[PDB]
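In what follows, a structure is listed as structure tokens, so that the remarks can point back to it.
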Amino acid sequence: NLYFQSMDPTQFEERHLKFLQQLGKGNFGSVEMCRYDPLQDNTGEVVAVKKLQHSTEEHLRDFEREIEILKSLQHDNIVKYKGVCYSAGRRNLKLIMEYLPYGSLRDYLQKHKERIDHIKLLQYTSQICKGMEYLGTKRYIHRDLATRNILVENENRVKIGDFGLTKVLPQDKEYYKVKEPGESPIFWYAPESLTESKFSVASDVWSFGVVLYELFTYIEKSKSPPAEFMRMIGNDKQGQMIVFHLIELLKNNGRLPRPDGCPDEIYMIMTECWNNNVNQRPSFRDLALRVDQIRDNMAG
Ligand SMILES: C1=C/COCc2cc(ccc2OCCN2CCCC2)Nc2nccc(n2)-c2cccc(c2)COC/1
């Protein structure tokens, strides 16, 4: 009550945060490119700024928790927290991050196939696994691992980018049971997430298997996880019927296909991630090591 939580409201002052570009709007809210130019000389660092789309009390509270999560993370493969801007005369909240120029990995794979080969895909895979190892040391569950939430700094570096659904494990449990679900990315969910709302490191590993599938489909039209699962369940189905059939499909070993051109050994990693037995899924540490050994065993 007495001494309010530490925060630096002078680090990013709204009057010096200059708009450069709207980058995207979505479930995550809205993200812009800005320049922070305190010496009003048309210079300063370029930053990414996350804002809410609908500024309800619940969303602001969720946003505060998301900011605290990101601030607590420092890793080469996690987007870098810089600070907060308390704009509207310190009656609003905006998240300030480093700016990563190539956007989401989902878009990058579609827009920049000219500079992507299997070596790069394996490098991105490795980096995502290492980011996720680090999250696990904090007992954070990402819950939304998907190429749309991974950001691209350059041809050699990706970072896990959005933490809007991330949960902190209870002290005594290895899973978080989400008891207020919003919009759910069901085609990335593990079966126990679909059927019991249970999220864990192992359910992030399931989602990572889907990420790995995404990478090797090169975000080809008709090959996205939603498109493939809908083709398998029946494109005609609507509403809850989709979820019912997805669960039944996954519970009896229905899986996304091997992407065209995907090596069998990479598909084997996917299918090991997609184990209905939670305890039998590999760890992110297992996965980083295996992928880097595959990379390292190539000639050169
Ligand atoms: C990305 C979603 C769409 O790409 C936006 C996008 C994003 C970036 C660069 C280009 C770009 O779209 C360049 C192409 N845009 C498409 C429409 C106009 C520009 N860079 C960036 N850098 C740091 C943090 C975030 N985004 C960030 C942090 C939290 C949440 C998000 C981003 C939103 O989810 C991840």
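All residue numbers in this chain count up from 1 along the given sequence. In listed order, ligands and their atoms are each counted from 1. Values below: every heavy atom of this structure, side chains too, minus hydrogens, waters and symmetry copies.
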List the residues meeting side-chain hydrogen bond (donor to acceptor under 3.5 Å, both in side chains) with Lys159, not counting sequence neighbours, and say none if there are none. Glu98
Considering the heavy atoms of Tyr99, write down every atom of ligand 1 situated less than 4.0 Å from one of them. 8 (C), 9 (C), 10 (C), 20 (N), 22 (N)
Got more than 12 heavy atoms from elsewhere within 6.0 Å of CZ, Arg91? no
Relative to the heavy atoms of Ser104, which atoms of ligand 1 are at a distance of less than 4.0 Å? 1 (C)
For atom 32 (C) of ligand 1, which of the options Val49, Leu105, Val31 provides the nearest non-hydrogen atom? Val31
Mark the output for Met33 as yes if a heavy-atom distance to ligand 1 is under 4.0 Å, and as no if none is. no
Hey, does the side chain of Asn276 reach the backbone of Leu250 with a donor-acceptor pair shorter than 3.5 angstrom? yes
With a heavy-atom distance limit of 4.0 Å, tell me whether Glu98 approaches ligand 1 through its side chain, its backbone, both, or neither. backbone
Looking only at N/O atoms, are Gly24 and ligand 1 under 3.5 Å apart anywhere? no
Ligand 1 atoms nearer than 4.0 angstrom to some heavy atom of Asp162 are 29 (C), 30 (C)
Is there a polar contact, in the sense of an N or O pair closer than 3.5 Å, between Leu23 and ligand 1? yes
Closer than 4.0 Å to some heavy atom of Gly103 - which atoms of ligand 1 meet that? 6 (C), 7 (C), 8 (C), 9 (C), 10 (C), 11 (C)
Can you list the ligand 1 atoms lying under 4.0 Å from a non-hydrogen atom of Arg148? 35 (C)
Which of the numbered atoms in ligand 1 are under 4.0 angstrom from any heavy atom belonging to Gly161? 28 (C), 29 (C)
Look at the side chain of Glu14 and the backbone N and O of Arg90, then say whether any donor-acceptor pair between them is shorter than 3.5 Å. no
Heavy-atom distances under 4.0 Å decide this one: backbone, side chain, both or neither, for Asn149 against ligand 1? neither
Aromatic plane relationship, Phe187 with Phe229 - under 30° parallel, 30 to 60° tilted, over 60° perpendicular: parallel
Using a strict 4.0 Å cut-off to heavy atoms of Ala48, name the atoms of ligand 1 that fall inside it. 22 (N), 23 (C), 24 (C)
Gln127 side-chain N/O to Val158 backbone N/O, donor-acceptor pair under 3.5 Å: yes
Please enumerate all residues that pass side-chain contact (heavy atoms from CB on, under 4.5 Å) together with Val178, with sequence neighbours excluded. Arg143, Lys167, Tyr176, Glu180, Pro181, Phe199
Does the pair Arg61/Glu64 count as a salt bridge with the N-to-O cut at 4.0 Å? no
Going by the atom numbers of ligand 1, which of them fall below 4.0 Å from some non-hydrogen atom of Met97? 28 (C), 29 (C)
Go through the side-chain N and O atoms of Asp204 and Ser207 and say whether any donor and acceptor fall under 3.5 Å apart. no
